[PDB]
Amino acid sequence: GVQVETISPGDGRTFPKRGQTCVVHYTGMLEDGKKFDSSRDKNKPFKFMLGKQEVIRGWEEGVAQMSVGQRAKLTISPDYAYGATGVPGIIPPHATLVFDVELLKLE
């Protein structure tokens, strides 16, 4: 349920392992380009861990395919995101989400 298109290559060597912390920058957009979120505009990187059901599965599977330093467009199917519910006031029902993600570091 995720398509990964690469904007800038990573090192081709260091990929996220289950239970590491990934530090990324991302902007989330709707399929017409409409931004709904951006880590950059709160300055910070976002950090999460793989394999703990803590981010939507499409993110998890998309970022697992990236190596460090890679910049990629993740297009996530609704059932690998917020499905038929969406997120109140932010994501409609049945929405495909596009995230521009940069994998900065694994900790």
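Just count from 1 along the sequence shown to find any residue number.
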39-47 versus 70-78 - which carries the larger mean C-alpha B factor in the record: 39-47
Per the entry, higher mean C-alpha B factor between 27-35 and 48-56: 48-56
Among modelled residues of the same chain, the CA temperature factor third for residue 7: middle
Assigned third (lowest, middle, highest) for the C-alpha B factor of residue 102: lowest
Modelled-residue ranking by C-alpha temperature factor, third containing residue 86: lowest
